[PDB]
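Peer 1: let's see this in three dimensions:
(chains A, B, C, D, E, F and G, ligands or ions: 4)
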Amino acid sequence: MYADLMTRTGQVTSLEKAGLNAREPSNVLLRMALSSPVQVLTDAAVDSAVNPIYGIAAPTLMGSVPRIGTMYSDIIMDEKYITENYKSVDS
Amino acid sequence: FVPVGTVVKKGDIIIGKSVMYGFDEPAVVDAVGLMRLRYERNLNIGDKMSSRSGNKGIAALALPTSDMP
Amino acid sequence: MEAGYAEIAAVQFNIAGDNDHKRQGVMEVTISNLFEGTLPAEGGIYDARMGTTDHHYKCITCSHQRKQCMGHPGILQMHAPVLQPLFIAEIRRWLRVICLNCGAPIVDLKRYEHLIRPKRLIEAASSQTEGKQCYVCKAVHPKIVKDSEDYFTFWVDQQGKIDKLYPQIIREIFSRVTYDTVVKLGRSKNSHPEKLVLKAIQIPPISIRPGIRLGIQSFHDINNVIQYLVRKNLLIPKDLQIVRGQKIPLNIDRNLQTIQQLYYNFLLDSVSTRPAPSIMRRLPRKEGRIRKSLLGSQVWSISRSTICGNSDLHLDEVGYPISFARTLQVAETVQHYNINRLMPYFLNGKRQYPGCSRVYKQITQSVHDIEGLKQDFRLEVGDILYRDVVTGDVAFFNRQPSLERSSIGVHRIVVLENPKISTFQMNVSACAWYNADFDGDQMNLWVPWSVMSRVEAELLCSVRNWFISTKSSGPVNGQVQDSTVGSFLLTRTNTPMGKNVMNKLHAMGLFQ
Amino acid sequence: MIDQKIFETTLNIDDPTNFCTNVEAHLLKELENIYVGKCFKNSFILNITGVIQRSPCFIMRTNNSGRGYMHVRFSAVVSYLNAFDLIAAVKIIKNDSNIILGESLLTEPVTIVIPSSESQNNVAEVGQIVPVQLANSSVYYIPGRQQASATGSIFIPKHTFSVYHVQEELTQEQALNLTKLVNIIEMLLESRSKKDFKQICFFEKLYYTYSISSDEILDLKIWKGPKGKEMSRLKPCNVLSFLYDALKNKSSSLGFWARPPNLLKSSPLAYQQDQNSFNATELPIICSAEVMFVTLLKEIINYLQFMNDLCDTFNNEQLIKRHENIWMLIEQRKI
Amino acid sequence: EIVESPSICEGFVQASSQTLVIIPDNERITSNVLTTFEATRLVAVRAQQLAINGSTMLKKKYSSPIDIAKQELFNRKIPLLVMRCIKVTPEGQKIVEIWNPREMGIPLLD
Amino acid sequence: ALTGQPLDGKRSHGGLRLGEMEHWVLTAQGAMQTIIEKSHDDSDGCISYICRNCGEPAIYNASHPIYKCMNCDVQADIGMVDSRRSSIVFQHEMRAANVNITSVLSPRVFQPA
Amino acid sequence: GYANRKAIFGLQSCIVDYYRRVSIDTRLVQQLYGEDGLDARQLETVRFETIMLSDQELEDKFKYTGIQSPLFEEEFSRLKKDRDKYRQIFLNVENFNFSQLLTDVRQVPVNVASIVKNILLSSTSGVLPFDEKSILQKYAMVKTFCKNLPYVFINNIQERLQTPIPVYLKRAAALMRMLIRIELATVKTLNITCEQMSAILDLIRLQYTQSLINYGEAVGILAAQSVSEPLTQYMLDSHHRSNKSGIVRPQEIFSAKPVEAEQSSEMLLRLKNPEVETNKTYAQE
Ligand SMILES: [Mg+2]
Ligand SMILES: [Zn+2]
Ligand SMILES: [Zn+2]
Ligand SMILES: [Zn+2]
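Peer 2: Residues are numbered from 1 along each chain as shown, chains lettered A, B, ... in the order given. Ligands and ions are numbered 1, 2, ... in the order given. Structure as follows:
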């Protein structure tokens, strides 16, 4: 995992602010969490960066919950099975 | 104030010269620099004892005299 | 009308012009009267339209109490334009790269078109453009220098003629810059340099600055600097027009300079790029907003105590004191299958364990303490009963520092009904997960009270899952100390007395 | 103007298991309880027609409640009042304090703030139904509110009329768009027949710009429209017929088009002069044939709807007597 | 001429609606076995819904919502579905994969 | 008052902290519902409203009928987004520095027909 | 501690996806988690017998000669191919490592030997009568199971339809395929019955499926924690043994330091010829 992340872009990248900025540049919120919030925010604003919400840090900073683990998949009610096996409350 | 020798239970009013009391351990008004509270503290499971040569240890169980070896 | 359920899928950052401040402002700060009686003074930095921080009055904008109103922004019309403290460098670069007389650039767009967009403007600024002459203007581009006494003052020395570039003049300069120039230079439409000058700053929502200090100093709060800014803006003449080669009265210059400094300190005071309350100083550092509030949180329904050994507790069990089991609660929704099991808890109340503390009526949307409940009160389907923690309820057991995914595990609670015991008790073999020792170490325990959380804890975070280490794939738990020695002694073939044998009574007594 | 619109929204399902027993019935019922009778997306919603598209009943994932949510794309019947619309029935609610408020009593709810600057408005008395015209400003459909908000004044017909310069010929593809507008007039014209011919005559004469005595009705095959003072003895062109002939290759309308005040606005008559031999104070409007036809066609509907609504509002002599002052007010400005 | 910057709201264009694309049953490539996360989520959602409304298809009676949900999952009576989102193409589609828990394999949850 | 979270420690009768490390552990375990509970229900968790049309914090109140977006006078399309008062304060502070935060709500998705 | 936080934020966004890959917002970081798609806590060390055997020993031990059929020659040839591949790959690992040495013990998701032994003991029936048809059926079953083994990374629908398998998934299943071939060789499973063989295969497949990494796993955080924990032991231990200090080298690794700043650099050069390497005086020259 360590090596694959550090060699993802075809060049050895660090596990530091410089390395993160090269692997996930658009992820303004994640880079803000790491360090230097004000500089990252200023560069994002002037750049007009669009930050997709993924990972752990960005949803957490946006007040949401990361879409991982139990939240990776989606649960949708089975209308057909419910329709055929259940009765409406207003009976 | 409150009478000296009064059980100062949690969530009670002890007017001092500080009414709130939320320590959760009952106390007693020792004096009324005033409003002294004293606790009758024994050795309790979880208290820490140590020999003179370090060896700190936590009291994990208490047994009656009949159960001791 | 109802607001549907949605989740954020992306965040777009952009520079906010004074037009945005005008559009999004509920109120417009006009007066500097701090307070009009008990209620906030109208048209002041504490106007209730921006929000509420007390239980006496609600949010005028959205009619919510202190909780449930998120804070509602305002406006402040600045008589003299103000440069944005957060983008000084961008202003400098744009001034370097742009003709002052006209909006046409003084550099070659093709000279930098090859570079990736974020770098284009930086490269143009770095390139020396001190003596070039504009193609459509015979004017020669001046030399731009930053004053060494402040972070927000720009001087234009033209052939040795030193002149200060006031914010209104800079606004005029950037107003003529065409959109094609910004696009070619790399910046987007929303980052047009004209935005970098504000004639109406935004008053933060009252939520950001709840320290109103009502109810009767040495402490310094964000409200003080905002009040000072309002007062100085009032001092400034409302209709002030500056020209590139125009002089201004000395007092006016000092007033504008101090307003600029006030705004700069309000936004960034201690930021590097004691009584310094700044909006941006709140973000960085371990004690900053991001690291202390957003990443990590203080929580309710949690307990902490010293740990101790207990050979009679299983590996996946924790001994919980009775008093803590009474303090922490578990919320159960009354239903037809639940009612019979929940009735004993309701009847016991707070008198005898197991009991309850509160009940939430579905019809009334209110919670009632069990003790003061009236006899007419019953348990109807749909109510929530907050019962006590009983043996068998799962709980989250945590030891800090949390260096491994085993640092938090779910243990089935065993309630120690002896009032004397006041420590969490776990099997010694369980200490491997948490890297713990019964030497005064403390651990955190919280009982999930929501059905989803309880299901997650019991099915996912059970310590049974952490038996095999993720780090090494080998076992984590096993016999230690007395258990190892006793295993050796029991399995030992010969003892000093003779052959290692026992009679039927003691063989049975081993398994009891 | 009643019309069909398509909306998109998300519904919170508080009992997903019970909701899914009958999605269609539950979905429609939820939409009606939320949107019907409220302004939404710059429109007023009258009744939900149906659901075009929906999504499965998703389960909320950012909170621990088991509730679900559903995306739905439904088409409703909405009313969008434009500028210069004529509202027949506007009951005054509050005239005192130089403030004149009146809520319409028609299918499309709206609250009209009538300015006190005009003297004619001050003549209105609380509790009196008085025709009103919406001002040039657009109607504010504040979301969530149960009725639109606009400003208008007592309808006093104005002699100032506008000519439109016609340069481009009407494209057959464009014709198809206009035929829909033509279809609206046909229904309105048919409805006008049902109303007694006596009541329409009184009101149309009252709101005619020029005073006219009882004369033979300028009957048309499409409708029995009334007469008026001919300007330059010109021959009006039946626009409704024109589109009917436009479908038969008769799409020659390059000449100028206008409807001088001497024309009864309700009747589908257009004075298409070859040239601008009009007393038009303002210069002709350089507009496409579609823009001109749409401008003039919608004008017919506005007035035709006005007359039919007037008859229903005032159907007994008691009411007409109650508003004699209102009727007399038009006479003062009558020319 | 001089240009006044518009507000960010005017430039903003909200994301266009997407159209769910159910991959045909025989073109599915994801695992036919519930992951521990998916089974946990199914049980939790069903338990909360039981708390909201007690109707169930389970014949045996239990006094707590969690047990009813777990036994519904194990006996293949849970009325929910699992939707796996594979890709969100830029054209405006949300390609997903609908799986029926009543037919998939159930992990070892005990 | 600022963040809405429990006060600090036993001295103030507040709560106990679940720092970043505990959150890393919980995320590694995949216990997202536990995170929801502890960090929203037992913490400053709140409901925030954002206009889908402009991605800006709208105004919504059910009891007192309010459905209003400042930027979109009409055309307002408000959706409720679960958030945390700390996050809302964070975004408000970022706005206070003239950094315009625009939240792009997830698009509505419909079945083919 | 400090490097722990930096690594956590560096690897945070690596989350497994529905293809079992590791990606950061659809950008691949791994074609398959750990190149095997397995959970770190579902592995147990197992020994491969054929790795160290000689040619003659391997033929004597694994070449079944009960039936004169080409199928058994083919099976033995497959065993030989797998042995040679294991040697070539892991001999190469030696040639770019300072001291890493080839071993015949690897961590695998399923211990096939344990399954076979437990089935034998539970349902012991003695030496079964030589049934020629039964042996061929078992060999065909194991061959088909090995062929379909990569499908554990796909549903059972694709296995039934026999759709094409990705090459990377085939590689991921290669190691377990070789282990199954070793532990289910016709010589080894000579007493197993066809029903017992099917039960063994079903148990193997179930255990393999139960070991795959879950879809929403935050594997980056797991890696960060698992690699940060041993570092502290190195930090203190290196201090006692103390360039090469506890903190100097890890910072060099995790900061992508240039060669100029790479203190404590080293090389392992080897002599031009296999013959001259034995002599130490030539090496010293
Ligand atoms: Mg210790
Ligand atoms: Zn509010
Ligand atoms: Zn110029
Ligand atoms: Zn909006």
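Peer 1: distance of the nearest residue to residue D:150 once chain neighbours are set aside from residue D:109?
Peer 2: Spatially, and ignoring its direct neighbours in sequence, residue D:150 is nearest to residue D:139 (4.3 Å; CB to CB, 6 or more residues apart in numbering or on different chains). From N, CA and C alone the C-beta is placed, and that goes for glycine too. Note on residue D:139: its distance to residue D:109, by CB to CB, to the nearest Å, is 11 Å.
Peer 1: who has more neighbours out of these two?
Peer 2: When neighbours are counted by other CB atoms under 10 Å in any protein chain shown, residue D:139 and residue D:109 differ, and residue D:139 comes out ahead with 23 against 18.
Peer 1: wouldn't the more buried one be in contact with residue D:111 here?
Peer 2: No - the pair residue D:139 and residue D:111 does not pass the contact test of CB atoms under 8 Å, sitting 10.1 Å apart.
Peer 1: quick check: the residue nearest to residue D:150 vs residue D:149, distance?
Peer 2: According to CB to CB, residue D:139 stands 7 Å off from residue D:149.
Peer 1: which positions in the longest strand along chain B come out as buried?
Peer 2: Looking across chain B with DSSP state E, the single longest strand is strand B:27-31. The neighbour-count criterion (16 or more other CB atoms under 10 Å in any protein chain shown) identifies B:27, B:29 as the buried residues of strand B:27-31.
Peer 1: that strand pairs with which strands, and in what direction?
Peer 2: Sheet pairing of strand B:27-31 (DSSP bridges) gives strand B:7-8 (antiparallel), strand B:36-38 (antiparallel).
Peer 1: which helix in chain E has the most residues?
Peer 2: Ranked by residue count, the top helix of chain E under DSSP state H comes out as helix E:36-52.
Peer 1: and after that helix, which helix or strand comes next?
Peer 2: Using DSSP states H and E, the helix or strand that follows helix E:36-52 in sequence is helix E:65-74.
Peer 1: now the angle from that next one to helix E:36-52?
Peer 2: 130 degrees (axes from the mean of the first three to the mean of the last three CA atoms, to 10 degrees).
Peer 1: what about helix E:65-74 and chain A, touching?
Peer 2: No - on the criterion CB under 8 Å from any CB of the partner chain, helix E:65-74 is out of touch with chain A, staying 11.5 Å away.
Peer 1: which element follows that helix toward the C-terminus?
Peer 2: According to DSSP H and E, the helix or strand after helix E:65-74 is strand E:80-89.
Peer 1: ok, residue C:6 - contacts?
Peer 2: D:10, F:50, F:52, F:79, F:80, F:81, F:105, F:106 (CB atoms under 8 Å, 6 or more residues apart in numbering or on different chains).
Peer 1: redo that, cut-off 6 Å
Peer 2: F:79, F:81, F:105 (CB atoms under 6 Å, 6 or more residues apart in numbering or on different chains).
Peer 1: quick check: bridge partners of the last one?
Peer 2: Per DSSP bridges, residues listed as beta-bridge partners of residue F:105: residue C:8.
Peer 1: looks like it contacts residue F:52 (just checking).
Peer 2: Yes - contact criterion CB atoms under 6 Å: residue F:105 and residue F:52 qualify, at 4.8 Å.
Peer 1: need the residues touching each of the two.
Peer 2: Between them, residue F:105 and residue F:52 share the contacting residues residue F:79, judged by CB under 6 Å, 6+ apart.
Peer 1: ok, the two, which is more surrounded?
Peer 2: residue F:52 (28 against 23).
Peer 1: now name the helix or strand holding the spatially closest residue to residue F:60 that is not a sequence neighbour.
Peer 2: Counting by CB to CB, 6+ apart, the nearest residue to residue F:60 once its immediate chain neighbours are dropped is residue F:49, at 4.2 Å. Taking DSSP H and E as the definition, residue F:49 sits inside strand F:45-51.
Peer 1: after that strand, which helix or strand is next?
Peer 2: Toward the C-terminus, strand F:45-51 is succeeded by strand F:56-57 as the next helix or strand (DSSP H and E).
Peer 1: what lies in contact with that next one?
Peer 2: Under the contact criterion CB under 6 Å, 6+ apart, strand F:56-57 has outside partners F:50, F:71.
Peer 1: check whether it comes near ligand 4.
Peer 2: No - Strand F:56-57 does not reach ligand 4 (CB under 5 Å from the ion); its nearest approach is 5.6 Å.
Peer 1: first-to-last residue distance for stretch G:60-73?
Peer 2: Stretch G:60-73 has an end-to-end distance of 13 Å (CA to CA, to the nearest Å).
Peer 1: just to revisit the earlier point, hmm, the residue nearest to residue F:60 is touching residue F:79, no?
Peer 2: No - applying CB under 6 Å, one finds residue F:49 not in contact with residue F:79, separated by 7.3 Å.
Peer 1: would you pull up the residue in the stretch 101-250 of chain D closest to chain B?
Peer 2: residue D:144 (45.8 Å; CB to the nearest CB).
Peer 1: surely that residue is in contact with residue C:3?
Peer 2: No - using CB under 6 Å, residue D:144 is not in contact with residue C:3; the gap is 10.8 Å.
Peer 1: neighbour count for these two, which is higher?
Peer 2: Remark: of residue D:144 and residue C:3, residue C:3 carries more neighbours, 23 against 17, as counted by other CB under 10 Å.
Peer 1: neighbours of residue C:436, how many?
Peer 2: Residue C:436: 18 neighbours (other CB under 10 Å).
Peer 1: you'd agree it is in a strand?
Peer 2: No - applying DSSP: H, G, I helix; E, B strand; the rest coil, one finds residue C:436 to be coil, outside a strand.
Peer 1: one step back: once you drop chain neighbours, what's closest to the residue of the stretch 101-250 of chain D closest to chain B?
Peer 2: The shortest distance from residue D:144 to any residue other than its chain neighbours is 3.7 Å, reached at residue F:67 (CB to CB, 6+ apart).
Peer 1: so the one you found is in which element?
Peer 2: Residue F:67 belongs to strand F:66-68 when assigned by DSSP H and E.
Peer 1: relative to that strand, what are the paired strands and their orientations?
Peer 2: Assessed with DSSP bridges, strand F:66-68 is paired to strand F:59-61 (antiparallel).
Peer 1: tell me how far the strand it pairs with lies from the chain's centre.
Peer 2: 14 Å (CA atoms, centre = their mean, to the nearest Å).
Peer 1: stretch G:207-223 now?
Peer 2: 16 Å.
Peer 1: coming back round to it: the residue nearest to residue D:150 contacts residue D:83, doesn't it?
Peer 2: No - counting by CB under 6 Å, residue D:83 is not a contact partner of residue D:139; they are 8.0 Å apart.
Peer 1: next one: the residue positioned nearest the centre of chain C from ligand 1, what distance?
Peer 2: Ranked by distance to the mean C-alpha position of chain C (CA atoms, centre = their mean), the top residue is residue C:294 at 3.3 Å. Residue C:294 sits at a distance of 31 Å from ligand 1 (criterion: CB to the ion, to the nearest Å).
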